[PDB]
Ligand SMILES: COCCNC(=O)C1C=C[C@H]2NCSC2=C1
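Shown below, as structure tokens, is a lone chain in the form deposited without the named molecule; questions about how it binds or moves come after it.
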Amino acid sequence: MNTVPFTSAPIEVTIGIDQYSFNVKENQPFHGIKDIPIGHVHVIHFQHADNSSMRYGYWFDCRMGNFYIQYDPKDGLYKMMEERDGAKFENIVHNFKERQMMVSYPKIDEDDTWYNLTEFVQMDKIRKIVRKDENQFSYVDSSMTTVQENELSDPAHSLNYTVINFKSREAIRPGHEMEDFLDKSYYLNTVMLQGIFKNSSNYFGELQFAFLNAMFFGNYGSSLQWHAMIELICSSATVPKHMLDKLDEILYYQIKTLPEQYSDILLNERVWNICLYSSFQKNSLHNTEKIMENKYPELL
């Protein structure tokens, strides 16, 4: 089990760790989060009590280094930092644990939610979507725009998701205009899977990372990316059977985890009704269609 210590909590803040969250009062004695499961990426995120604007946070993998949080009063935010001095870190953590000034990553043993939301998400791919190579962890916030959004303005602070555009020369083979636009299998299987992502795991990892950024930060461009990647599969007549079965599982756990009161902004009516009821794969997502119908029957 790993730990992310906090130097202090000088400003009142709601802290998130994966799908959990807790309130920390201004100058409350809080020195971090312990018992974080090894083997998964994680996200630690923040919403100030004073400015619920800008949710922000950090994607990290404790196997890649010792990370801590420290408030910066100049830039006005909780910053993730790496401690290279391993004995300094072990010593700080042990003191904070001995004084029981840490909250425990509160995982129920039966609960595979986080695994199921991050199954294909790798730190190395996160770091290519979020470019800041001097750090092993990746900052994301509510306002960051995607590379595709920038085409339609600071490139250093962008989410470099894979550009998907259904009315693009990349998506449409000369002479198969109608064929490729109505059946996007070429674009999914040849252009994106074989060509760009290399395999369906990398595709699913970007899909899951886009969902998580949409959910935890209300990041609009991420939500667009998540729906585009769903739609590209559902609108392909020819999809490997294992991809469809896994997609159904992926979306099931995303829909299960979504806050009941955010579905109005995070779920695109057109994509979901098209995907579940008109698309080639309308019959292939049984788990996802059942949870969607029982939990968001209005959207449909």
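Start at 1 and count along the sequence shown; that's the residue number. Note that the rigid core is defined as the largest set of C-alphas that superpose within 1.5 Å between two forms.
RMS Cα deviation from the shown model in 9 other deposited structures of this protein, rigid core fit, is larger for 106-114 than for the other stretch of the pair 220-228 / 106-114. Between 170-178 and 92-100, the larger root mean square Cα shift in 9 other deposited structures of this protein, once each structure is superposed on the rigid core, falls on 92-100. The modelled chain is continuous from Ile108 to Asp109, since every residue of the deposited sequence in that stretch has coordinates.
When the C-alpha B-factors of 179-187 and 154-162 are averaged, 154-162 comes out higher.
Remark: stretch with higher mean C-alpha B factor among 23-31 and 257-265 is 257-265.
Of the candidates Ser222, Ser104, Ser142, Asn91, the one whose C-alpha carries the top B factor in the deposited record is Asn91. Per the PDB record, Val147 has a higher Cα B-factor than any other of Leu77, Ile230, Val121, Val147. Sort the chain's modelled residues by C-alpha temperature factor and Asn202 lands in the middle third, per the entry. Placement of the Cα temperature factor of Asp61 within the chain: lowest third of the modelled residues, per the deposited record. When the modelled residues of the chain are ordered by C-alpha B-factor, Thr238 sits in the middle third. Among the modelled residues of the chain, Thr14 sits in the lowest third by CA temperature factor in this PDB entry.
In the deposited entry, the Cα temperature factor of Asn213 places it in the lowest third of its chain's modelled residues.
There is another form of this protein, the form deposited with the named molecule bound, and it is not shown here; the text below is about that form.
In the bound PDB entry, the named molecule stays beyond 4.5 Å of every heavy atom belonging to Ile230.
The closest non-hydrogen atom of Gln136 lies beyond 4.5 Å of the named molecule in the bound PDB entry. Contact annotation for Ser158: none of its heavy atoms lies within 4.5 Å of the named molecule in the bound PDB entry. In the bound PDB entry, no heavy atom of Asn189 sits within 4.5 Å of the named molecule. In the bound PDB entry, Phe120, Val121 are the residues of 93-121 with at least one heavy atom within 4.5 Å of the named molecule, listed from first to last.
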